[PDB]
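So this one's two forms of a single chain, laid out as structure tokens and tagged structure 1 and structure 2.
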Structure 1
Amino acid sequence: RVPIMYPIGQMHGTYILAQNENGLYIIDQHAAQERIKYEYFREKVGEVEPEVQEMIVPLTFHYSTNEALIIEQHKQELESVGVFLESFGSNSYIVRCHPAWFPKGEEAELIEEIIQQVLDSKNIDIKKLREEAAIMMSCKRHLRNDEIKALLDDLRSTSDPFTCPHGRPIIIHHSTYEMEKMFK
């Protein structure tokens, strides 16, 4: 957590500069937006029955006898993250629909990316898959002052305003104390 951050400005269209009583905050815009998107998708994937949307271009996949074994093992886990596989023929599946909240235009690559995660873990439970899926979903010109403000406000009210879902810094903070030291 962190108190209200007041915008100073932005630079190179990459970083936001802000301040409050605790000192100075340098904020990576992109990282901040991953974190904010994550808090959203992590909730969405936790829903038992999400609004569903029928695709326009349905997808097909095909797997080795072994990959299909793993996929049948993880039916419930895959469906719980929004991947609705229907097997037609041998080791082949169609995807006919998905949650309405999947990131538009990247459903195809998301579904295949999630399915690939399961094939790699070989044995994975729902909680871990939900985390992984939401991380994947989260990473699917200069900002206006109103845009900087919404961003600082949204970031502040997430679970971890300091670190992106991939574990990288969102915020470099120079405290009042640290700046006093820096300069004396």
Structure 2
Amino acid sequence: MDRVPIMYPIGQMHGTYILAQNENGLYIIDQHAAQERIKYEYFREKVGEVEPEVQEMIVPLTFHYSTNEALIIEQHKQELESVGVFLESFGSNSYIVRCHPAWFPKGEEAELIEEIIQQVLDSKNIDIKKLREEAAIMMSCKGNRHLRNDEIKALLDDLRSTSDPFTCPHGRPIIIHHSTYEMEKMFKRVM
């Protein structure tokens, strides 16, 4: 797939669409879809990394489980480990977490860790590929402003760098393009 060429901001509208252009023509961009594409690939890359920078917690977290649940979790300890969940056995069906990747959404670590662990519970069986995918989604969730052109330019540069600037992880188009040729044809003035 050809990489989209550098795009330059024209402006925005309604805190919803970005208007940009280059020599090729006009780009109309759903700014929310763009942000989702950018965020997903960021976290998906992160969770794939082999040795993240870890952050010890001021206060260690605790989690307690049934004999059924703790057992599911036990087989999948490798998987959870790779997604940034560092469980430490303290007793029967119980776990402690003292640290996490530094790139976890700040201040929502505990919620995230529980949700990841919950995912493994609900499926009973699951592999790294699907878990890493689910985890990056949950991370992208963590939390209509009208963007200035400097913020727009930053977003466009970031979008260009992703593996798919045209369609978001959930199937939404991100970009609608009218080439200069297409624009001339639509106005029928010079063609």
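Quick note, the numbers are simply positions in structure 1, starting from 1. We call the rigid core whatever largest set of C-alpha positions still superposes within 1.5 Å between the two forms.
message = Shifts of 2 Å or more at the CA atom, core superposed, between structure 1 and structure 2: which of the listed residues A68, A32, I115, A134 is the one?
response = With the rigid core fitted, the residue that moves is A32.
message = How about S157 - superposed on the rigid core, does its CA move between structure 1 and structure 2 by 2 Å or more?
response = Moves: yes, 2 Å or greater.
query = Once the rigid core is matched, what's the CA displacement of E51 between structure 1 and structure 2 in angstrom?
reply = Residue shift at the C-alpha: 0.8 Å.
query = Rigid-core fit: what Cα movement does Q10 have between structure 1 and structure 2, in Å to one decimal?
reply = Displacement of the C-alpha, rigid core superposed: 3.3 Å.
ask   = Upon rigid core superposition, what is the positional shift of the Cα of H166 between structure 1 and structure 2, expressed in Å to one decimal?
value = The shift comes out to 4.3 Å.
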